[PDB]
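Next comes just one chain, in structure tokens: the form solved without the partner chain.
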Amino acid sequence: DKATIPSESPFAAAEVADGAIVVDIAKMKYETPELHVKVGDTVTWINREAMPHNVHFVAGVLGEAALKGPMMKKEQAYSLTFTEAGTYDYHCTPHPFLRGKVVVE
């Protein structure tokens, strides 16, 4: 696969370090819709609102299987580490028009 999962379940956003690579979700937007990172970088999504959100990479994107992330409640977070250069689109399962992209060089 082209990424690994530090934590299979969501965790408390307060645990994320300042200066960690963070994508906020709010007002039905990934606050950084095209994120540029390097191989080995760990990306953390944080849900800032009461509507639950996830990140969903369809089959083909990070491997032959889809990576459907767990639903994050308000102030919950979820990380992925990108291990291979490429460009990876994702969306939120229940809200397919909430979408983003990670560019890994």
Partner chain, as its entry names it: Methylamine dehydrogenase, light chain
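Residue numbers count along the first chain shown, from 1.
Omitted here: the form deposited with the partner chain bound. The next part is about that form.
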Taking 4.5 angstroms as the cut-off for heavy atoms, does residue 94 touch the partner chain in the deposited complex?
-> yes
Examine residue 61 and determine whether its closest non-hydrogen atom to the partner chain in the deposited complex is within 4.5 angstroms.
-> no
Partner contact for residue 28 in the deposited complex: the partner chain, 4.5 angstroms, heavy atom | yes
Touches the partner chain in the deposited complex: residue 71 (any heavy atom, 4.5 Å) | yes
